[PDB]
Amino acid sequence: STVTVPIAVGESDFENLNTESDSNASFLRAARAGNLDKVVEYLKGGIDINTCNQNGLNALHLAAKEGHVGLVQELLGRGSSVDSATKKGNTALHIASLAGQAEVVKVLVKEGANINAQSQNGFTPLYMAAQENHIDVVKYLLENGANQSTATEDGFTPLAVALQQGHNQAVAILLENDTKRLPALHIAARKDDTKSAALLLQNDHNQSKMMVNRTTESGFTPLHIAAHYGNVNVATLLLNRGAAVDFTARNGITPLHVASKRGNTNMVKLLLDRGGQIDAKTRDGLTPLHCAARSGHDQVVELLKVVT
């Protein structure tokens, strides 16, 4: 009876262990320490730039973990492939983001690292920077195209992990992105973020003054938004958690009005199934049927006529 976002755990740090072929190990230790001169010397000496440990970390991965900007530049300069993945499927960009190494993030991004790459647990750089509350990396990633909506295979998002981890600022930046002002649940409805919705809703159990039925200025609920954008999943969740199916906004507008006006067929279906009133009327006499007609959404009309 729990909603629980998965946590990116990072790479190991065996190279930090003081010793108390072996050329390779020593080379990786030099990378971990950020000793450019030593690393360059080994490379000149012929050691392979792609040398990695049992977990698949090369020197680029180690320099990035540790914020060694200069060294990251040198390795990149020498042909280190920006997006080599470790065995967990992490790129240097994942690692730097989890670790909050902002200058390193910049350097990798400018080198064309894939800003939306997913690890084999489905995590993105943004998910990592978000999980760990690395604000500046978050902002930087957003400003550079990173997509908040790229999700673990179970729909886990940066917003969801920021929420679970209690990170107010992260949550703010994530909610406030690409808008130039709705409540969070509403925004989660827009985005169709069931997990984040679930998280937000975890403390009202039992209709009117429930959080699931809070309104915006114009009296819309998360359910109205869901209906507007045609987000069936998040709508289903809200309705399961007690959203009033026939809740009227300004002008007696119901979620069914909204979905009918936007020709959102499956929303209409869902709302009907949950008992939404087929014939409710706006302050000016419109029915869901009329709203759809005035909008050429025939798909709906048909469906809507059948029911009657």
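So that there is no doubt, residue numbering starts at 1 and follows the sequence shown.
Count of coordinate-less deposited residues separating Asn168 and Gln169, as none, 1 to 3, 4 to 9, or 10 or more?
The entry leaves nothing out here.
If you count the residues of the deposited sequence that sit between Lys180 and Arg181 but have no coordinates, do you get none, 1 to 3, 4 to 9, or 10 or more?
1 to 3 residues lack coordinates between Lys180 and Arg181.
Quick check: 209-217 versus 234-242, which has the larger average CA B-factor in the record?
Taking the mean C-alpha B-factor of 234-242 and of 209-217, the larger value falls to 209-217.
Mind pulling up the entry and telling me whether 188-196 or 171-179 has the higher mean Cα temperature factor?
So the stretch with the higher mean C-alpha B-factor is 171-179.
Among the modelled residues of this chain, does the Cα B factor of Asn18 put it in the lowest, middle or highest third?
Tercile = middle for this residue's CA B-factor.
For the chain shown, is the CA B-factor of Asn35 in the lowest, middle or highest third of its modelled residues?
Answer is lowest: the recorded C-alpha B-factor places it there.
Splitting the chain's C-alpha B-factors into thirds, which one does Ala25 fall into?
Middle third.
Could you tell me which third, lowest, middle or highest, the C-alpha B-factor of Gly263 occupies within its chain?
For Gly263, the deposited C-alpha B-factor lands in the highest third.
Quick check for you: using the entry's CA B-factors within this chain, is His61 in the lowest, middle or highest third?
According to the entry, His61 has a C-alpha B-factor in the chain's lowest third.
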